[PDB]
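First, one chain by itself in C-alpha cells, the form deposited in one PDB entry.
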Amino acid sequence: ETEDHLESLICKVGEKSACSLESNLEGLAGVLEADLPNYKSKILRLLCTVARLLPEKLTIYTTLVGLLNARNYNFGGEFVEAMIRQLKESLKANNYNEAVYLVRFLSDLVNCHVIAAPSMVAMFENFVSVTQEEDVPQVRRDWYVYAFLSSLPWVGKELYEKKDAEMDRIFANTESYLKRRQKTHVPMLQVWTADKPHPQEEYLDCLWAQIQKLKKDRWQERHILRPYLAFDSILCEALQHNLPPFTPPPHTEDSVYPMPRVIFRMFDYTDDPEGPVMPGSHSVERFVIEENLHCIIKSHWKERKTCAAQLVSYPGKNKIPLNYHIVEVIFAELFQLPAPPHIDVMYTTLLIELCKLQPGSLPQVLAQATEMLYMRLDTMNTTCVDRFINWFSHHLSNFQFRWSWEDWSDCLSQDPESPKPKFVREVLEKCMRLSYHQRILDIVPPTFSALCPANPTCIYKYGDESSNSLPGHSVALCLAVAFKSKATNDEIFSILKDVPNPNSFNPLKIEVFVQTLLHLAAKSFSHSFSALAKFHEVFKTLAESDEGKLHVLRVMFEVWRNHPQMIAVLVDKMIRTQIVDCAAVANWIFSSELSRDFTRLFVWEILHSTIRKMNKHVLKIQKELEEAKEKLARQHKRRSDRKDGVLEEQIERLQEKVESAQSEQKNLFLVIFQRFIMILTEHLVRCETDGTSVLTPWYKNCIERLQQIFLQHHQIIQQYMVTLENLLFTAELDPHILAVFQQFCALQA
C-alpha cells in the first residue's frame, strides 16, 4: 500500500488539479521528505522510473528533484548516482531512447542547481569526443551527438553562461564532425523527395540548425515550461553536486543503436492565417513540441481515448496551433520509415477520436491536411502512399464515404497511372472492400465513373454457351455434377483421370478442377474455405510440383481477377494449408500474368502477408525449440540434483526443423531480391537502349517497393547481409539498384 500510494502521488502531480503546479510540487516534496528515512530506495527507484518512462513531463519531475536536493544533499547525491547507474545499464542494454531521456533529465537537473554545470560540461565533452573514436559505426557517433544537441534546448543558457569557452570548443568539434557525416540514408527515409515546399532534412541537420538559431537568439525559447523558475528563491542556495567522471561504454559487436530518421514536415505558418503564429520549421520550439507530442503518443498508445485527451490538453508556455501540430505529429508517426511505432490502425482510431472530441475545429484541419497530402502526391513514397490510402479509406468508411471529389477533378485528365488518379482508384477500391460496388458507384460523381472499380463476380471459363468447344468442357460438367452430388475424392479422381495431357503434371487437369471447384464455391468465403479443406488431398496430389503450384495460383487469379480480396484470402489459406509454399507465391507475384496488375496495392499486400507468415512460422519453430531445450536443461538439473534419450532426440529433430525453416526463409528473401533485380535491370537496359526517361511511375513504384521490403525486413536481412553483398548486390550491378542496397547498409552503419 505504501509503494502504490507513493507511485500514485508521484504520477498524479501535474494533471487535473484545483491548485497550481508549484503548490503540488511543494506538497509532494514535503510528503516524500516525510517518507524518506523508511522508503529511501523505494523513492529513488520510483523517481528513476518516472524519469525514464515519462519524458513528456521531464521538467516537472526535475523540479521535484530540485526541491529534494535543497532539503537533503545526501538524497540528491544518491539520486544522481542511481541515475548514472541507470544510464550505464541502459547503454550496456542498448536502450538508447531511455538513455537519451536520462541524459535530458540530467541536463535539465543542471538547471535546478542539483548538478554543477562544469561536471555536465565535462560529460558533454566526453560525449562529443565519442565522435573522435576510430572504426566505430556512424550511428554511435550520431546518437552521442544527438543526446547533447537534444539536451541543449533545456540547459544551453546555463552551460554557456558558465563555461562559454569549453562550450565553443564543443560546438567547433560538433561542427567539424557534422561537416563530414554521411547522408546516404536520407533518400530512403524522406517521405517526400521534392525540395519544396518543405524539404525533408535529416534529424541531426534540423537539430543543428535549430541549435544555431537558438544560439543566435541568445539562448531563449518561449515554449518549454520551467516550474523551477518560480522556486529560484529556494533553489539558488541549494548545494550543487558533481557527476563522477563518465566514460561511455566501449563499442561492441552486439551493441545496436537507433537508426537515423528524417523529420516529417508538411505544414507552415501560412496554413493558419487566423491562429497563433506556428513556430518555424527551424525553431527549437517546434522540435520540442514534436518531441513532446511523440512521447505523449508513445506513452498512451493503448488507450486511444486517453491518448486523444492528453494530446488535446497539451500545455505550453505560449499559445500555438495545437490542432495542426497534433495532426502533423500523427501523420509523421503514420508515415514514418521503416515502420510506425505502432499498428497503423491505432492512428486511424486516434484521429477519429480526436475529431469526435473537437468536432468544431479539428475536422476542418484534418480535411485541409488531407487536401495538402493529395496535392503533394507526385513525390510521396509508395509506402506512405499505401498507408495514406488505407487510412483515408477507413476514414471514409467511418464517415459515410463522403468527400468533395470534384475538388480532385484535376486527376480525371491525368495519366491513369499518375500518383493522383492511382491513389483515387485505390481509395475507391478499398472503400468498396468495406461496402458494395453499387454504393461506391452511387457516391462518386458520374464523371469519376472511369475510376470506379469492377464488380466482384466470378469468371467461370466454362459457364457460357460459347465454351462448349473448349477442351475439358465435358470433364468440367462431370466434375460440377459430382460436386453437386457430394462426391468423394476417389470419384473425383475417376472423373479426372480421363483428362488428355497436352503433351506427373497436367495443366489442363488442374485448370479444370480448380475453375470448377472455385465456381461452385463462389458465394461466400466460408464456402471456399470448406471446398478447399474438404478436397485438400486432391489439391496436394495434383500440385506436387512447384510448377503445379504456380499453375494453381494462375488459375485462381484468372477465376477471381476482379475480386482482389478473394485472391488474397485464397492465397493465404493455400499457404497455411500447405497447398502452395511461399516461394511459389513469390514467383507468381512477378509472373507476367500480373504485369498489368503489378503496381496494384493488393499484389504487394499479398507478398507482405506471405513474408509475415513465413517469419511467424520460423519464429514459432524457434520458440518451440528453445522451450524444449529449456525443459531438457531443467529435467537434467533436477535429475542430477530412456526419457533423456528420447528428449534429446526430439531436440535434435526440432533443431533440424529450425535449420530447414531458416533455409526456406533465406530462399524466399533471396528469390524475391533476385526477381526485383532482374526486373529492374531489364527495365533499365531497355530504357537506356530506347533512350527514354528512366524516371517513370512504374519504375518509381518498383524501386520504392524494393525499398519498402528492405525497410520492413531489415531486422532479418541483417543476417543475410554477407551473402546479399557477395552474390546479389555486387559492384557490377547497375548503380540505380545498388543505391538502394547502399542506403540500406548505411541505415545501420
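All residue numbers are counted from 1 along the displayed sequence.
What comes next is about the form solved in complex with a partner chain, which is not displayed.
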Contact label in the deposited complex: residue 731 to its partner chain, heavy atom within 4.5 Å
no
Is residue 17 close enough to touch its partner chain in the deposited complex, meaning at least one heavy atom pair within 4.5 Å?
yes
Decide whether residue 28 counts as a contact residue for its partner chain in the deposited complex under a heavy atom distance cut-off of 4.5 Å.
yes
Residue 727 within 4.5 Å of its partner chain in the deposited complex, heavy atoms:
no
Would 1, 4 and 9 all count as contacting its partner chain in the deposited complex, using a 4.5 Å heavy atom cut-off?
yes
Tell me, please, which stretch of 680 to 688, 28 to 36, 704 to 712, 718 to 726 lies within 4.5 angstroms of its partner chain in the deposited complex when heavy atoms are compared?
28 to 36
